[PDB]
Amino acid sequence: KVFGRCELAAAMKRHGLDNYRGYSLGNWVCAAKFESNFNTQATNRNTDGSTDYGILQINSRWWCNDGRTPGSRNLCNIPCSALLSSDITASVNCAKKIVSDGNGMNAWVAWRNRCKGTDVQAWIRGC
Ligand SMILES: [Cl-]
């Protein structure tokens with residue numbers, strides 16, 4: 001599915017992302033916009049043989065297991081296929097582990113380049 005902006009904000013808030021590990025909700029909404037364009041089924045292959053999966057483009061080298069990525073660590077202990085559900089639970093649970101690993105939201109390239117430093121609260125304004 002393709003979430004609306006406020007629709008995703010409300011779902012992410014219900015799943016505990018607002019202010020999680022220091023990151024207000026607008027950060028997470030902006031990240032999803034620029035990672036997946038709010039599409040729960042987005043996938044993108046990378047040069048290292050990994051693929052990024054779902055609404056938050058979670059990577060198959062470090063975080064989820066897709067069975068075809070060399071050097072897999074599966075630190076979220078989740079099959080990547082689960083991260084293509086229209087229900088965001090598995091992606092949020094893995095994102096919480098990623099953002100707790102020591103480098104904040106820097107794991108999300110699109111967030112680093114297109115959200116960080118902007119007024120991210122605009123992403124939840126009006127919701
Ligand atoms: Cl604005």
Side-chain angles (χ1 to χ4, degrees):
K1 68 171 280 168
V2 178
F3 273 87
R5 178 180 60 89
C6 290
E7 185 193 13
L8 183 62
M12 286 178 153
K13 187 175 178 169
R14 283 188 296 270
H15 287 258
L17 284 177
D18 189 19
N19 304 129
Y20 187 88
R21 289 291 280 244
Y23 290 95
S24 63
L25 188 61
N27 282 288
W28 298 101
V29 176
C30 186
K33 172 62 177 181
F34 293 134
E35 289 291 347
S36 65
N37 201 26
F38 297 148
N39 190 322
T40 58
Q41 300 193 14
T43 63
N44 290 283
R45 186 66 56 85
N46 300 304
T47 73
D48 68 353
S50 72
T51 299
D52 297 338
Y53 290 88
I55 187 86
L56 286 169
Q57 290 291 281
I58 290 168
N59 183 259
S60 66
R61 184 166 169 186
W62 308 109
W63 302 110
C64 65
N65 179 25
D66 74 0
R68 51 154 279 108
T69 302
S72 185
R73 306 293 177 73
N74 194 16
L75 293 170
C76 287
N77 189 36
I78 196 75
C80 299
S81 85
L83 308 184
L84 301 181
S85 176
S86 288
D87 179 304
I88 67 171
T89 299
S91 287
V92 169
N93 290 347
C94 181
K96 285 177 178 180
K97 292 175 181 80
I98 295 171
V99 75
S100 298
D101 190 56
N103 218 343
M105 285 190 72
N106 283 337
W108 286 280
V109 180
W111 175 87
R112 204 161 69 218
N113 289 337
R114 296 182 272 293
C115 299
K116 184 179 183 184
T118 75
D119 175 15
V120 294
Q121 185 283 324
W123 288 94
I124 68 170
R125 183 181 56 214
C127 301

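Residue numbers start at 1 and run along the sequence shown.
- Among residues two or more places apart in sequence or in another chain, the side chain to side chain donor-acceptor pair (under 3.5 Å) test is passed with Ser36 by none.
- In this view, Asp66 and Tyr53, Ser60, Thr69 satisfy the side chain to side chain donor-acceptor pair (under 3.5 Å) rule, not counting sequence neighbours.
- Listed by chain and residue number, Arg61 satisfy the salt bridge (charged side-chain N to carboxylate O under 4.0 Å, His left out) test with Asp48 (two or more places apart in sequence, or in another chain).
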For residues 70-82, dump all side-chain donor-acceptor pairs below 3.5 Å to protein atoms at least two apart in sequence or in another chain.
residue : atom : partner : partner atom : Å
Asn74   : OD1  : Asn77   : N            : 3.2
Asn74   : OD1  : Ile78   : N            : 3.0

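- Listed by first and then second residue, the ring pair (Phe, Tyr, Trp, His ring centres under 6.0 Å) pairs that reach into residues 92-113 are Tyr23-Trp111, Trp28-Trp108, sequence neighbours excluded.
- Counting only residues at least two apart or on different chains, no salt bridge (charged side-chain N to carboxylate O under 4.0 Å, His left out) pair has a member in residues 8-18.
- Under the side chain to side chain donor-acceptor pair (under 3.5 Å) criterion, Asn46 pairs with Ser50, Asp52, sequence neighbours left out.
- In this structure, the side chain to side chain contact (heavy atoms under 4.5 Å, CB included) partners of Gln41, at least two apart in sequence or on a different chain, are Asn39.
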Donor-acceptor list for residues 112-120 side chains, cut-off 3.5 Å, not counting sequence neighbours:
residue : atom : partner : partner atom : Å
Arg112  : NH1  : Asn106  : O            : 2.6
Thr118  : OG1  : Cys115  : O            : 2.7
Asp119  : OD1  : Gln121  : N            : 3.3

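- Among residue pairs with one or both ends in residues 81-100, none qualify as salt bridge (charged side-chain N to carboxylate O under 4.0 Å, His left out); sequence neighbours excluded.
- Residues passing the side chain to side chain donor-acceptor pair (under 3.5 Å) test with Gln57, sequence neighbours excluded: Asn44.
- Among pairs with a residue in residues 63-82, none fulfils ring pair (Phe, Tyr, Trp, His ring centres under 6.0 Å), at least two apart in sequence or across chains.
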